[PDB]
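So basically every Cβ, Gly included, is an ideal-geometry build from the backbone, and we count neighbours across all protein chains shown. Each value in this text was obtained by applying a stated rule to the coordinates, not by laboratory testing.
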Amino acid sequence: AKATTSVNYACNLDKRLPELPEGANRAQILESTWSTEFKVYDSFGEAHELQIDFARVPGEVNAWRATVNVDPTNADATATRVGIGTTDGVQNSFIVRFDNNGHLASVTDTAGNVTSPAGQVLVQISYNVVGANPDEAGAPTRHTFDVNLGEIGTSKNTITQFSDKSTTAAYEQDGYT
C-alpha cells in the first residue's frame with residue numbers, strides 16, 4: 001500500500017446555479033452548492049473519503065468557496081487544512097475564481113495566499129491520520145498531499161465553470177490500499 005502524493009482533479013461547477021447577493025440565506029447558498037467526494041490513501045493502507053462542498057460566495061460573481069474535510073463524519077478529529085504553498089496559518093477552505101469565459105483564474109486560501117497569475121494550480125492538503133503514532137519528534141502524524149486543479153485559462157483537465165451539469169471531469173492519483 002502507498003500514499004496519495006498528488007491528485008489530478010477537475011470538475012465543472014454549473015454556472016447556471018444562481019449568483020448570490022451578500023445577504024443570501026442558508027437555503028439560497030445550498031441551492032448554489034455542489035458537493036462531491038473522492039478517495040485518498042495514507043501511508044498505512046487505509047482509504048479516506050475527501051469531501052468538497054463547492055458553494056457560491058455571497059456578493060461575488062464567478063467565485064466559489066470549496067470547503068474540504070477528510071473523514072467527513074469525524075471532521076474535527078482530522079483537522080483538515082488547505083492552502084496555497086502551505087498548510088500553516090489556514091483553515092479548510094479555498095475560494096476558486098473563474099474568468100468571464102468560465103476558465104480557472106485563481107485560488108485563494110483563508111490566509112489570503114493566492115496562486116500565481118498563470119500556470120498550474122496546486123492546492124496543498126493535510127489532515128491528521130486518526131489513531132496513528134506521532135512522528136519521531138512527537139508531532140501528530142499527518143498525511144500531506146497536493147490537488148492539481150489544472151492550468152489557469154484552459155479547460156483540459158482543469159476545473160471549469162460552464163453552463164452545464166456540475167460533475168467530476170478528472171480524478172486520478174497515486175495512492176492505493
Mind grabbing the base-10 log of I(q)/I(0) for segment 1-51 at q = 0.21, 0.30, 0.32 Å⁻¹? Debye formula, identical points on the C-alpha positions, no solvent, two decimal places.
-0.80, -1.16, -1.23
Using only Cα atoms, what Kirkwood radius does the chain have, in angstroms?
16.6
So what J values fall out for segment 153-168 if you push phi through Karplus, 6.51 cos²θ - 1.76 cosθ + 1.60 with θ = phi - 60°, rounded to Hz, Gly and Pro as x?
x, 10, 9, 5, 6, 10, 4, 10, 9, 9, 7, 6, 3, 5, 6, 6
For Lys156, give me every one of the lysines with a C-alpha distance below 19 angstrom, ignoring sequence neighbours fewer than eight places off in its own chain.
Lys15, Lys165
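Could you rank the peptides 113-121, 156-164 by their average count of other C-beta atoms within 10 Å per residue, with the highest value first?
Values: 113-121: 14.3, 156-164: 17.4.
The peptides rank, most packed first, as 156-164, 113-121.
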Starting from the amide H of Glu19, placed 1.01 Å from N in the peptide plane, find each other amide H under 5 Å away whose residue is 5 or more places distant or on another chain.
none
Evaluated over segment 87-177, the Cα radius of gyration and Dmax, each in Å
15.9, 50
When we measure straight from the Cα of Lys39, which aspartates and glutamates land under 17 angstrom away, once same-chain ones fewer than 8 places off are left out?
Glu49, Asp53, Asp71, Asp146, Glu172, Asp174
